[PDB]
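Worksheet for the structure shown next.
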Ligand SMILES: [Zn+2]
Ligand SMILES: [Zn+2]
Ligand SMILES: [Zn+2]
Ligand SMILES: [Zn+2]
């Protein structure tokens with residue numbers, strides 16, 4: 001049902017766009033939306049660190065700038081193509097758009113977002 | 001040189017994608033990048049308000065997820081198609097990607113970002 | 001070892017300071033730091049929603065503006081004094097300052113942050 | 001009316017608390033509130049860069065966790081005690097709490113926030 005090799009690959013591609021001059025730590029993400037399209041995002045840092053955009057947040061922006069809908073699955077990777085768990089902020093924003101059933105690429109098996117952010121605030 | 005009617009129109013289109021169930025205040029943005037392509041973004045709210053994504057930040061994500069480069073001009077509008085000045089956070093993130101010379105759609109004449117965020121922190 | 005009734009009460013007090021004109025949803029937090037002092041925080045909203053400050057983030061700011069150290073326990077509550085789980089963003093920021101062993105007030109028993117943000121990004 | 005030497009000094013003190021292991025770029029802030037008390041804040045970074053808290057945002061949290069009110073004047077400094085202009089995000093959050101008349105320490109003369117964030121979004 002979810003081609004994880006494809007999603008992960010798109011996340012790996014997407015990582016290539018990261019604007020990460022401060023950390024040099026590129027992140028890409030790719031998500032499958034409920035209509036079968038995939039949207040991607042990369043890391044975008046800012047001199048004011050707290051204004052940096054996460055790749056998974058970029059994905060959510062793409063989601064809504066391309067017709068919205070629900071996220072079914074997301075892979076997040078570093079610039080080396082390694083699977084990354086989304087930061088807590090991203091877990092919260094993904095939840096809004098995929099709910100607890102959103103699959104997040106690996107550990108050794110994609111995880112439900114619900115398990116990555118249990119007892120989530122607040123709707 | 002900059003088709004502002006086009007950019008503003010794209011920002012107006014882009015506003016249609018806003019996920020704004022909390023504020024009901026849709027924002028769209030569209031920017032011209034140095035290679036002539038235009039990238040767009042809309043507002044994406046979250047139950048945790050501080051995780052909401054600005055449309056202009058969505059634009060910057062699109063920028064880098066589509067090859068990066070420099071932003072030359074940006075229009076930001078509300079869901080009514082009215083010109084909006086970017087919030088301070090967006091002014092900072094746009095600066096990273098357009099610098100002080102980035103034109104921002106209107107007042108009655110597009111403004112340099114440099115004038116919208118004078119004496120900007122911090123590079 | 002942790003007076004949860006005290007922490008929760010301080011979180012309830014702290015909620016009273018929330019600047020929440022947009023959501024009307026007050027949040028307070030109080031944390032015990034490794035030296036036995038307690039630091040508190042409340043929700044601070046902004047017209048640009050994504051600039052709203054979480055109460056638990058306020059706590060972390062207090063932590064470092066009062067000598068830093070490690071967070072041992074945190075209660076987060078709404079304006080009604082109900083226990084709230086921190087949003088994903090707060091779970092990530094708390095982790096930086098309390099690690100996985102940081103106790104977070106309730107469900108029916110305080111939880112390790114590690115369990116609230118399993119397999120956390122990224123250090 | 002505003003003891004800027006005092007505010008700047010408090011901002012310099014406050015900078016000492018910064019949690020800045022990623023950038024090593026400490027920021028402190030101190031603000032005078034309408035009741036004459038001063039509240040302070042420092043920079044707090046996170047591994048997820050975009051979750052870093054600005055010192056001026058820390059100030060606003062202190063403001064409301066200490067009774068709220070309006071900010072009259074703010075100095076922001078780096079770890080070297082040099083005057084810093086607030087990032088765009090901070091200019092927006094300060095505006096909510098000080099309005100356009102909030103004085104911001106230097107260039108060679110404190111500036112109105114209104115001039116640092118002209119034509120501000122959006123209330
Ligand atoms: Zn993230
Ligand atoms: Zn904005
Ligand atoms: Zn939070
Ligand atoms: Zn700032």
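Just so you know, the numbers here start at 1 and follow the chain as drawn.
Header lists the method as X-ray crystallography, 2.0 Å.
Just so you know, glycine gets a Cβ as well, placed from its N, Cα and C.
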Need a hand: Swiss-Prot gives B:87, B:90 for Zn(2+), which of B:54, B:61 is also on that list?
-> B:54
Taking chain C as the partner, extract the recorded positions from B:44, B:45, B:56, B:87 whose Cβ is under 8 Å from a partner Cβ; order them by sequence and answer 'none' if none remain.
-> B:45, B:87
Calculate the distance in Å between the alpha carbons (Cα) of residue B:56 (active site, proton donor) and residue B:87 (Zn(2+) binding site), and round it to a whole number.
-> 9
Relative to the Cα of residue B:90 (Zn(2+) binding site), which of the binding-site residues B:43, B:44, B:45 has the closest Cα?
-> B:43
Residues near residue B:43 (substrate binding site) in space but at least six apart in sequence (CB under 8 A) | B:15, B:18, B:19, B:20, B:25, B:26, B:27, B:28, B:52, B:53, B:54, B:55, B:58
What does DSSP say about residue B:44 (substrate binding site): helix, strand or coil?
-> strand
When you measure from the Cβ of residue B:87 (Zn(2+) binding site), which residues in the chain that are at least 6 apart have a Cβ under 8 Å away?
-> B:54, B:56
Binding-site residues whose CB lies under 6 angstroms from ligand 2, from B:43, B:44, B:45, B:54, B:90 = B:54, B:90
